[PDB]
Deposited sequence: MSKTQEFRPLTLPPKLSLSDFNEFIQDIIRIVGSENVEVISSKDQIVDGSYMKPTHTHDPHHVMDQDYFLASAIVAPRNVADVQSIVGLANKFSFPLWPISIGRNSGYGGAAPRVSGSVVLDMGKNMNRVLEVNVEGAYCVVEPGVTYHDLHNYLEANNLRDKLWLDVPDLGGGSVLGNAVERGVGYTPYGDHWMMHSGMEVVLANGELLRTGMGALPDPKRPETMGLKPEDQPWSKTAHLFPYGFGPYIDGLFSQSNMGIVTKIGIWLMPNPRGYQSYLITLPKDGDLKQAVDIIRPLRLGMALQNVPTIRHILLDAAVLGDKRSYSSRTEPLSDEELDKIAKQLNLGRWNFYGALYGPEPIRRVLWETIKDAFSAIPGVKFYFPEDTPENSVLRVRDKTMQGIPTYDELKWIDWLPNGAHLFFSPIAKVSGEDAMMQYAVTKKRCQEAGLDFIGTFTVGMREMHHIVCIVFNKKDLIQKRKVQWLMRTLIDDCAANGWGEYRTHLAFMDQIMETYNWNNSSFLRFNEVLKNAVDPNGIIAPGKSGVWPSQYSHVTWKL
């Protein structure tokens, strides 16, 4: 194909066409598309940000490429080093609220790694791990487990929806809700194609499986792994794995992910907190429970509007066009039999141990006036408890997609600061966050997810993507919040394409020492800067900061 809307920087139409004809010859026409449509979550777009906060076409591919296998990735890396051509690797491209598939730089090729590199490569019972290509969704892996009857042996750890990529998510350092919620920390042994195009496996992936007749003459990409590659992450030497999470340092083609053995018993629960202000005492309670390990998983603390938005759009609760007031949340709370904040967790292992922990947690929270406790069977058919009862046991679902439609053309954008597990800091962050959403004319929606010594506060900004005036207020809210939170001692853990530079500028301890360091590494491994220029605000030297930063 001949003519795209946007060319990559410094690249001619004639060069671009040579590149494309070249790539077609490798991967076939059926695996290439040049852009000369926001799609669905069920069928994600690969061309741009479906939940756009800037103009729809602001972050736009010049084309999409789908390698057939790892060899293609290498060949494609080669040509991009030849032509000086920016690549943007996605696994699945369901990173909505962070930009979806869209490339940080327009004119890039989007590498749809997921379409053909699909395979669940291994599920090892005794080692309680699995090995995975970019294309394996949470649901995909769920179904492989069923086919081979492994459901009674091994559980998954799923984020709030079923379609993201196990690896996609893991390298974004994302989060789920079993004791295996720290997704990044569950990996051992990743294979990566570098900016030079050479293959590398990490940790004990670097210790090769010894030779035997069955595996002779296998291309490296197809060689098995030695027996410890997915068991012991460190390997030997400097431990580089993390240089591949949230980086543009390489293109991940495989990853091993630890899986929880069937725990021996499971019980989910809801605790409902009546007052807006109860968040303070509730978090002080969480602290030692989590830290002392009566809280086995990553339990979340949901604001009322999050459950309500699952349950029906805003028109369903009021024809109001302004944020719902403090007192309507009370009415909605009491309609839905929920509190102002709603705490979800679960209990794992034998009855005798579940009993003890539950009595501890039950006891601890009873200090909060008006508290009420529910198992799944005590709630209506449509409840968030029922849905989450699935989630905290590794079953992929999709019911939580509905909150996206809180407003007539609902898109989400995530503001994701980190809080202490302390009522006081939490209230402050809430206050700082709630205040601004207001000035923006938006309902406040958000969770806190509970890590051991921190909470991921996911403020869920939902907007009508066809509304230009609102879009701008969303750009104002985000940028303002980033600042407010930095001035209060809080950083964000993950974000959107349009906020990456701003966010990094925030991690400026000692004259931006962190980003400088990262650039030195980026330019050495990426001398042509072809991988994902601009991810996390890291720019190769051929990318002027003045031209390229937002």
(request) Any chance you could give me the deposited-sequence numbering of all the stretches lacking C-alphas? (result) 1-5, 42-46
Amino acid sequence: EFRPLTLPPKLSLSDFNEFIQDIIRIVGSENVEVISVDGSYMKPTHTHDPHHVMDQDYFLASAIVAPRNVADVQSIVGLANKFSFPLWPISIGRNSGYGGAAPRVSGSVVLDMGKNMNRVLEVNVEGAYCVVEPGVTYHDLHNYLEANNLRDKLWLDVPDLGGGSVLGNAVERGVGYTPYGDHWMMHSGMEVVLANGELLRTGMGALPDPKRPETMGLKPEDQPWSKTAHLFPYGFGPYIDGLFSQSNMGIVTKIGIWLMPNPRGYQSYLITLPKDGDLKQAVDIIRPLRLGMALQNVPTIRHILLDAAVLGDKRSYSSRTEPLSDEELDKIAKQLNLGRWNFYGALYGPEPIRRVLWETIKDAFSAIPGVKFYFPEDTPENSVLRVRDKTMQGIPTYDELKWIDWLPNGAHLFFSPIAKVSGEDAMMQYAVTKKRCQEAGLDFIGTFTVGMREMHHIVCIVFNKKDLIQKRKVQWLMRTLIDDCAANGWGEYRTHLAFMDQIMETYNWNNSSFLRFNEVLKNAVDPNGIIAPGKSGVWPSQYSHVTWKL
From here on, numbers count along this sequence of modelled residues.
(request) Quick one: say whether 317-325 or 456-464 has the higher mean Cα B-factor in the deposited entry. (result) 317-325
(request) Name the higher of the two by mean Cα B-factor in the PDB entry, 182-190 versus 144-152. (result) 144-152
(message) Comparing recorded Cα B-factors across 133, 198, 399, 172, which one is largest?
(response) 399
(request) From the list 449, 393, 75, 379, select the residue with the highest C-alpha B factor recorded in the entry. (result) 379
(request) Classify residue 263 as lowest, middle or highest third according to the C-alpha B-factor given in the PDB entry, relative to its own chain. (result) highest
(request) Check where residue 45 lands among this chain's C-alpha B-factors and tell me if it's the lowest, middle or highest third. (result) highest
(request) Taking the values exactly as deposited, rank residue 350 by C-alpha B-factor within its chain and report the matching third: lowest, middle or highest. (result) highest
(message) Based on the deposited C-alpha B factors for this chain, I'd like to know if residue 238 is in the lowest, middle or highest third.
(response) lowest
(request) Sort the modelled residues of this chain by their C-alpha B factor and say whether residue 312 lands in the lowest, middle or highest third. (result) highest
